[PDB]
Amino acid sequence: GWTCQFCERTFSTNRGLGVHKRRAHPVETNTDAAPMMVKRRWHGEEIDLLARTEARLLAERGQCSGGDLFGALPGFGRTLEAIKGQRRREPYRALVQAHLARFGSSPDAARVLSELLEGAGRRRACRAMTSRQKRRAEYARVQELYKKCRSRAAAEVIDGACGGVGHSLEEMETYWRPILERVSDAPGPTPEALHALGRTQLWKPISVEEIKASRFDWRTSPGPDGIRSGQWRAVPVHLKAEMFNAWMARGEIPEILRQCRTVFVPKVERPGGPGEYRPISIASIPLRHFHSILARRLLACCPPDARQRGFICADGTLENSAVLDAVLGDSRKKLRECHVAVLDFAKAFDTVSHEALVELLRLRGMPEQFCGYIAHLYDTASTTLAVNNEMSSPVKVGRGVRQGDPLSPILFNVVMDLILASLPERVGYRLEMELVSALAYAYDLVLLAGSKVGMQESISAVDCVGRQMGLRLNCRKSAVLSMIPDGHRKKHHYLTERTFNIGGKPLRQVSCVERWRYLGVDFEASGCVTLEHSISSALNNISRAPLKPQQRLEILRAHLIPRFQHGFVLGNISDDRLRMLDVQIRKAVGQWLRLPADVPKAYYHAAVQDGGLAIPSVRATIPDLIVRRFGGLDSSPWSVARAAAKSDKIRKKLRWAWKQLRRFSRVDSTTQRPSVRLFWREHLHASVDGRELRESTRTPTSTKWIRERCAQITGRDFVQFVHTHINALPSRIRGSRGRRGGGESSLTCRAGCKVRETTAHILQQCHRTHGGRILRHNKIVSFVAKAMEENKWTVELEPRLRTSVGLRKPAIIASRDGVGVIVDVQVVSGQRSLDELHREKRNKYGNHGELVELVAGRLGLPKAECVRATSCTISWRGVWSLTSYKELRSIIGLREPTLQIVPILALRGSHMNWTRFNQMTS
DNA sequence: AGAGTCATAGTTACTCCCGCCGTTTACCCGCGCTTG
DNA sequence: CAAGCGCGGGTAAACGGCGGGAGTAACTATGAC
RNA sequence: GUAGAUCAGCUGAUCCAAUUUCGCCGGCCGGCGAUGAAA
Ligand SMILES: [Zn+2]
Ligand SMILES: [Zn+2]
């Protein structure tokens, strides 16, 4: 009987039909569930607004009633008789009376600075005065870009290609210069707002200790000045402080040091026009360093509002996203009105009046010196614009707040405070007895309210205060999410028809199915459900870009996975989806590295030291990250944060996170905090192929060629290194996994050794690779001999000594200042403990005596104790032996960079042996 | 030295019906100011 | 001074929120084969 | 024909290879600056 009219399914019971409707047909059923609005209950915010307006009207007039109140409130949406009826309530007049009563009220430092200024000025003066070819040019550009500022290259490669900007200088100068030039006409703040907000240590001379404690990310690009971070680092700190104090006294920076070159960055990976970029400014390095100190000082001096959780000593994005999710979940669960309006200010930093800013700083309480410095800096400030390579015409800026400066996000925090103080005192959401009203991150404002009139009043208040400040509200992204519960039917419903106005301009009302992004996280009207995870496209982009395999691996390690880490941590992802995603990652990495499909799982994801590829496993890393980030929510200083942490939704999320992490981790011994690194480590060494890698952990330097020194080796040899390191060479034994139904020809050596053909056998024991082994030994001994000579010693390679026992061939003998060392070199299979092999090699040299005295006499020193036994022992997979490492770095002094390279030689020699075997396979 | 699709249970996000008391406001009833 | 209009008390008859109860379509993990 | 090689039908595509362009100091040859995305 019961049959749907859109999916054409007949269900046994009306319950089935309705539940099917709620999923298969969201929009139409949501419209059907819109409640009638005959006699809506009087929410508290309506009562507060009514009482306040009645009180002010009585104070200015003396008498009031519904007739004039209606005129006072045009958009209240209550009938002239409904208002009169509500007027009869006693607590209402009590609040009216309460509000009425409330209304009843050295030469060298200057020399070096001048040298830097002259160099910058000379640079400024100099500056002012086919498909195959396309791909080659792109390769050159990408390599040069990645060599200098990695983040730029990663963002370009993952997102789009072909220059990125793609819009040239035109379409920017025509679209931005007029805005950057126009002077704002903000009248300033009203005295009412100043009073509402009303609810010295700065400028002191900077000291050496504070600047030293002032951290700096030296991995930064220089500005138009041309002063690179290297020389600035080279300057001693005390002279830095001298110049900083000199500037403090002068209250200004040298003219040329303020000039900045504007650059554009896309808000969206696929910009549709010139207006979707952020015209950031890169000031000179010394100016940024100088302003960081004041940024920290002002951060410590006057903290922002409690609701302000942007650029502070806390993860504002996490708290805001969690709070929004908790609010939405609570509203859905108990069917309570909640209007959430996401607000953004287009040209946010580039729309604030200079005069309003400086005067507000004056009234707020900063010292006159600081306000005057800001005013002077922004009065004569000027900028240059340059996209791609175009020193455009310089521009004089009429609106301040310079994106990229350390002070700008803090100075704008004053305006943020002012506007945050303007919303009505009693509008918000009562989330677990806590009133939450606004969630601010930088400029992105999210206003919450429990009533339509309350939300409209809040919107109008923020609009007018911004207009007074000079800011203008964007209608492109601003939207209002509204949920009206349906009591007597227990149905959640969303409004559709637009009803909110920013200064007469209607807003876009987000429907139920729409997806909108907040802080870069996808949000649905029902809460964070999932991320579309366009990972296939990103992997295709990375694979198609002109990069060597290690470049792609590093990008996937450090820039792609973290980017979607936020979407997944703040989203709701089922571990099956995570497994599919990590399988996709594994397949892509196997393609890039040309590995087969039988390589052990753990190899990809085990951390660098344990010998893995350090490619983060989403399936396990994500639960760990969400547990770590949501554990501290209960202990956050913010009261609303603690209230959210007690929400049912977050509790369930954390429970599932704990279960997953418990399943994919082992408790650490020392810190007792579960770690995923241990899980992959255990799996890798237990694997048949990785069994020989069990010694990597004890020697961190054994694997330095995977991540730090990956730039000194070509792509091809890196791929070969990875192939042999995990034993990916398709030998017959390794080629018969599951196909051992054949005869001995399927397992014997081709060369005729008649023994089992193991990759170790091919690399070490087969006679055909005899000369290969010798040349590998010669190469490694030559390298270590050259380095050890470079460490001020004596060299006599392969001393020909005929001892009583017979003919013995030591690797190298050494002698310095009367002390000599007998160093032996050899490579050994990893199937046995490397240190026992080291001891076995050392016994037959250091425990003979007669050869010890022979080498002592040859070197010319009589005492035998000065001669010591040592063995350079490295497994053919390139894994170090701990005891050998220690003795080599301690008994004889060698810097670690030299020791970092021995595994490279061992690995290259082993693969050369393999390829030689295959070459003379005949 | 391998990388199981598939059967079944658990679950989540809903559904709907019935009934309960509390809440809101369209009528109704006047009084005071204005105009004929 | 009387009729009319705007300003004010009262009433009750439906809305509205929530409790209680009885199911299920569409995923999402494994326990075992 | 490709910086080189390879597979195709002088053109295309893949690679384990692939530093483009402008200005300069200079003698087709050497060196320099740009070709730098926030906190
Ligand atoms: Zn249907
Ligand atoms: Zn053999």
# chains A, B, ... in the order shown; residues from 1 in each chain; ligands from 1
$ interface_residues --of "chain B" --to "chain A" --cutoff "10 Å" --atoms "only C-alpha atoms (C1' of nucleotides)" --output "list in words"
residues 1, 2, 3, 13, 14, 15, 16, 23, 24, 25 and 26 of chain B
$ residues_near_ligand --ligand "ligand 2" --cutoff "8 Å" --atoms "only C-alpha atoms (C1' of nucleotides) and all ligand atoms" --output "list in words"
residues 748, 749, 750, 751, 752, 753, 754, 755, 756, 757, 761, 762, 765, 766 and 767 of chain A
$ write_last_selection --atoms "C-alpha atoms" --output "compact mmCIF listing (two decimals), in the first residue's frame"
# COMPACT_ATOMS: atom_id res chain seq x y z
CA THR A 748 67.82 -22.63 -8.26
CA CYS A 749 70.30 -19.96 -9.29
CA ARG A 750 70.53 -19.28 -13.01
CA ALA A 751 74.32 -18.99 -12.79
CA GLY A 752 74.55 -22.66 -11.80
CA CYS A 753 75.31 -22.40 -8.08
CA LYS A 754 72.71 -25.17 -7.59
CA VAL A 755 71.74 -23.60 -4.25
CA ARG A 756 68.51 -21.83 -3.36
CA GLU A 757 68.32 -18.54 -5.25
CA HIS A 761 72.56 -15.19 -2.36
CA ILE A 762 72.63 -13.15 -5.57
CA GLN A 765 77.45 -15.39 -2.41
CA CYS A 766 77.05 -15.93 -6.16
CA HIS A 767 80.49 -16.09 -7.75
$ residues_around --residues "residue 19 (chain C)" --least-positions-apart "3" --cutoff "12 Å" --atoms "only C-alpha atoms (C1' of nucleotides)" --output "list in words"
residues 488 and 490 of chain A; 18, 19, 20 and 21 of chain B
$ residues_around --residues "region 585-589 of chain A" --least-positions-apart "4" --cutoff "12 Å" --atoms "only C-alpha atoms (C1' of nucleotides)" --output "PyMOL selection string"
chain A and resi 535-544+549-557+560-561+578-581+593-605+613-619+719+722
$ write_last_selection --atoms "N, CA and C atoms" --output "compact mmCIF listing (two decimals), in the first residue's frame"
# COMPACT_ATOMS: atom_id res chain seq x y z
N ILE A 535 40.85 13.41 -3.63
CA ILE A 535 42.24 12.98 -3.53
C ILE A 535 42.75 12.44 -4.85
N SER A 536 41.89 11.81 -5.65
CA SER A 536 42.34 11.29 -6.93
C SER A 536 42.89 12.41 -7.80
N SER A 537 42.19 13.55 -7.84
CA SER A 537 42.65 14.68 -8.64
C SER A 537 43.97 15.22 -8.10
N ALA A 538 44.10 15.33 -6.78
CA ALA A 538 45.34 15.84 -6.22
C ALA A 538 46.51 14.92 -6.55
N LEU A 539 46.30 13.61 -6.43
CA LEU A 539 47.35 12.66 -6.76
C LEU A 539 47.71 12.74 -8.23
N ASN A 540 46.71 12.89 -9.10
CA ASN A 540 47.00 13.04 -10.51
C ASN A 540 47.83 14.29 -10.77
N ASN A 541 47.48 15.40 -10.12
CA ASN A 541 48.26 16.62 -10.28
C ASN A 541 49.70 16.41 -9.84
N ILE A 542 49.89 15.79 -8.67
CA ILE A 542 51.24 15.59 -8.16
C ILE A 542 52.02 14.69 -9.11
N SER A 543 51.38 13.63 -9.61
CA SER A 543 52.07 12.70 -10.48
C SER A 543 52.44 13.33 -11.82
N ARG A 544 51.58 14.21 -12.34
CA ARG A 544 51.81 14.80 -13.65
C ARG A 544 52.78 15.98 -13.62
N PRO A 549 60.87 11.47 -8.19
CA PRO A 549 60.02 10.68 -7.29
C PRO A 549 60.10 11.11 -5.84
N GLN A 550 61.30 11.44 -5.35
CA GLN A 550 61.41 11.86 -3.96
C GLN A 550 60.67 13.17 -3.73
N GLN A 551 60.61 14.04 -4.74
CA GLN A 551 59.85 15.27 -4.60
C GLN A 551 58.38 14.98 -4.38
N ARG A 552 57.81 14.11 -5.21
CA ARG A 552 56.41 13.74 -5.03
C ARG A 552 56.18 13.11 -3.68
N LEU A 553 57.09 12.22 -3.26
CA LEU A 553 56.93 11.58 -1.96
C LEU A 553 56.94 12.62 -0.84
N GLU A 554 57.88 13.56 -0.89
CA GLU A 554 57.98 14.56 0.16
C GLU A 554 56.74 15.43 0.20
N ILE A 555 56.25 15.85 -0.96
CA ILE A 555 55.04 16.66 -0.99
C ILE A 555 53.88 15.89 -0.37
N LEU A 556 53.68 14.65 -0.81
CA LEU A 556 52.59 13.86 -0.25
C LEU A 556 52.76 13.67 1.25
N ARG A 557 54.00 13.66 1.73
CA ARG A 557 54.23 13.49 3.16
C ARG A 557 53.83 14.74 3.93
N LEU A 560 50.19 17.61 1.36
CA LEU A 560 48.86 17.15 0.99
C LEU A 560 48.13 16.58 2.19
N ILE A 561 48.71 15.58 2.85
CA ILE A 561 48.01 14.92 3.95
C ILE A 561 47.60 15.92 5.03
N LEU A 578 38.45 5.75 5.32
CA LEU A 578 39.87 5.98 5.55
C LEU A 578 40.70 4.87 4.93
N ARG A 579 40.24 3.63 5.04
CA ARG A 579 40.97 2.52 4.44
C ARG A 579 41.02 2.67 2.93
N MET A 580 39.91 3.06 2.31
CA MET A 580 39.94 3.28 0.87
C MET A 580 40.91 4.39 0.51
N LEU A 581 40.91 5.48 1.28
CA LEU A 581 41.80 6.60 1.00
C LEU A 581 43.26 6.18 1.11
N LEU A 593 57.06 4.99 -7.16
CA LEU A 593 58.29 4.29 -6.83
C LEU A 593 58.49 3.01 -7.63
N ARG A 594 57.51 2.63 -8.45
CA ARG A 594 57.62 1.44 -9.29
C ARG A 594 57.82 0.18 -8.44
N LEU A 595 57.09 0.09 -7.34
CA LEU A 595 57.17 -1.08 -6.49
C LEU A 595 56.06 -2.07 -6.83
N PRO A 596 56.25 -3.35 -6.53
CA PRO A 596 55.17 -4.32 -6.76
C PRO A 596 54.07 -4.19 -5.73
N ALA A 597 53.09 -5.08 -5.76
CA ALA A 597 51.94 -5.00 -4.87
C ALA A 597 52.05 -5.90 -3.65
N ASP A 598 53.15 -6.65 -3.50
CA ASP A 598 53.32 -7.54 -2.36
C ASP A 598 54.19 -6.93 -1.27
N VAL A 599 54.64 -5.69 -1.43
CA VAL A 599 55.50 -5.09 -0.41
C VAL A 599 54.71 -4.99 0.89
N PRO A 600 55.32 -5.21 2.06
CA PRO A 600 54.54 -5.20 3.30
C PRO A 600 53.86 -3.86 3.51
N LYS A 601 52.68 -3.92 4.12
CA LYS A 601 51.91 -2.70 4.36
C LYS A 601 52.71 -1.70 5.17
N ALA A 602 53.33 -2.15 6.26
CA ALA A 602 53.95 -1.24 7.20
C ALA A 602 55.09 -0.43 6.59
N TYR A 603 55.66 -0.89 5.48
CA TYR A 603 56.83 -0.19 4.95
C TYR A 603 56.49 1.24 4.59
N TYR A 604 55.31 1.47 4.00
CA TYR A 604 54.95 2.82 3.60
C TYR A 604 54.87 3.75 4.80
N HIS A 605 54.28 3.29 5.90
CA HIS A 605 53.83 4.17 6.97
C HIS A 605 54.71 4.18 8.20
N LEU A 613 58.76 4.56 4.93
CA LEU A 613 58.69 5.71 4.04
C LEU A 613 58.09 6.93 4.70
N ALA A 614 57.61 6.81 5.93
CA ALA A 614 57.07 7.93 6.69
C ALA A 614 55.86 8.56 6.00
N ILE A 615 55.23 7.84 5.08
CA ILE A 615 53.98 8.32 4.48
C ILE A 615 52.89 8.10 5.52
N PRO A 616 52.24 9.16 6.01
CA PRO A 616 51.32 8.98 7.14
C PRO A 616 50.11 8.15 6.74
N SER A 617 49.79 7.17 7.57
CA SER A 617 48.62 6.33 7.37
C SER A 617 47.40 7.09 7.87
N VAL A 618 46.53 7.50 6.96
CA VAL A 618 45.35 8.25 7.38
C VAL A 618 44.54 7.42 8.37
N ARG A 619 44.30 6.15 8.05
CA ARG A 619 43.40 5.33 8.84
C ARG A 619 43.77 5.34 10.31
N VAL A 719 65.02 5.57 -6.68
CA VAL A 719 64.04 4.50 -6.89
C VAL A 719 64.72 3.14 -6.74
N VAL A 722 65.18 2.46 -3.02
CA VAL A 722 63.95 2.00 -2.38
C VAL A 722 63.64 0.57 -2.79
$ interface_residues --of "chain D" --to "chain A" --cutoff "12 Å" --atoms "only C-alpha atoms (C1' of nucleotides)" --output "count of residues only"
23
